[PDB]
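Trainee:
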Amino acid sequence: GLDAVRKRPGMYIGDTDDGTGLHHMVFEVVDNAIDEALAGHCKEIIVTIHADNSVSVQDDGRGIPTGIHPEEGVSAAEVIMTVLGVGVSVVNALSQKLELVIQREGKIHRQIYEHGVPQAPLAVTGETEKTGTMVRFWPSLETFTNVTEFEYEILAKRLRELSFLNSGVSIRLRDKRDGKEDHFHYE
Ligand SMILES: CCNC(=O)Nc1cc(Nc2cccc(C)c2)c(C(=O)Nc2cccc(C)c2)cn1
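Positions 15 to 98, 117 to 219 (UniProt numbering) are the ones given, in order, by the sequence shown.
1) Nearest CA to the CA of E174: which residue from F216, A125, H217?
2) Any chance the CB of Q72 is under 8 Å from a heavy atom of ligand 1?
3) When the distance is taken between beta carbons, is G77 closer than 9 Å to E137?
4) Looking only at C-alpha atoms, which of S195, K57, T34, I63 sits nearest to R206?
5) Closest to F216 by C-alpha separation, out of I59, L36, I82, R20, would be which residue?
6) For a test of the three-state rule: what should DSSP assign to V122, helix, strand or coil?
7) Run through DSSP, which three-state label would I48 get?
8) Does the Cβ of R168 have 16 or more other Cβ atoms within 10 Å, making it buried, or fewer, making it exposed?
9) Distance, Cα to Cα, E92 vs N46?
10) Alpha carbon to alpha carbon, how far is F196 from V149? Give it in angstroms, no decimals.
11) Quick check on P153: buried or exposed, where buried means 16 or more other Cβ atoms within 10 Å of its Cβ?
12) The alpha helix (DSSP H) spanning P23 covers which residue range?
13) Taking 8 Å as the line, does the beta carbon of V44 fall inside it for any heavy atom of ligand 1?
14) Where does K208 sit, in a helix, a strand or coil, going by DSSP?
15) Between which two residues does the alpha helix (DSSP H) carrying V93 extend?
16) With a Cβ-Cβ cutoff of 9 Å, do residue 109 and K139 count as a contact?
17) Given the structure, does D29 come close to ligand 1, in the sense that its CB is under 8 Å from one of the ligand's heavy atoms?
18) Thinking C-alpha only, which one of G15, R22, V43, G24 is nearest residue 12?
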């Protein structure tokens, strides 16, 4: 299933050789945070381009659900991240690594995937007074060629649009490679 997305990545994410699909990957993750803001529950989304060839998206909403199905022993989070506006499970499938961190009901929950395959079960990693969801992913270099790094202006342009299409939401873009920071919010 995740094998199908890796065999024909272009079908799912867009062109893999000119940057298009690489940036679509971020937008897929952002769209999920935007939907939490449209549901009334998220006021700030933070997109950070890291210096290790990863992007993180962090929202301040309710947190992705963390419950376990008792008979299956798989968390809701894992179901969201592994099963097939193409969905975040596609992003996971085309990421050499993906880290999900969820702050919810006083606890921090974390899980790591490699090419979509979870490495261990969802685990509690501490306590928190805050709620929200953070996804950080390192795109697969077996999939993406030529443009394998994130480009601030492609994200900036798009995140500005989202902020004005979803008035009230605050969207912050941060680049760790040079300290560039933008804040998009409209009234
Ligand atoms: C960085 C990317 N941001 C997010 O993924 N934000 C996010 C997503 C959420 N749910 C969600 C995600 C993907 C697929 C589906 C169906 C739901 C939810 C969500 O549905 N939380 C929620 C909402 C109602 C009840 C419970 C238990 C949990 C909250 N935030």
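All residues carry an ideal CB built from backbone N, CA and C; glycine is no exception.
Mentor: Taking the structure as given:
1) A125
2) yes
3) yes
4) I63
5) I59
6) helix
7) helix
8) buried
9) 15 Å
10) 36 Å
11) exposed
12) 23-27
13) yes
14) coil
15) 90-96
16) Residue numbering in the chain breaks between 98 and 117, and residue 109 falls inside that break, so it has no position here.
17) no
18) Only positions 15 to 219 of the chain appear in this structure, which leaves residue 12 out of reach.
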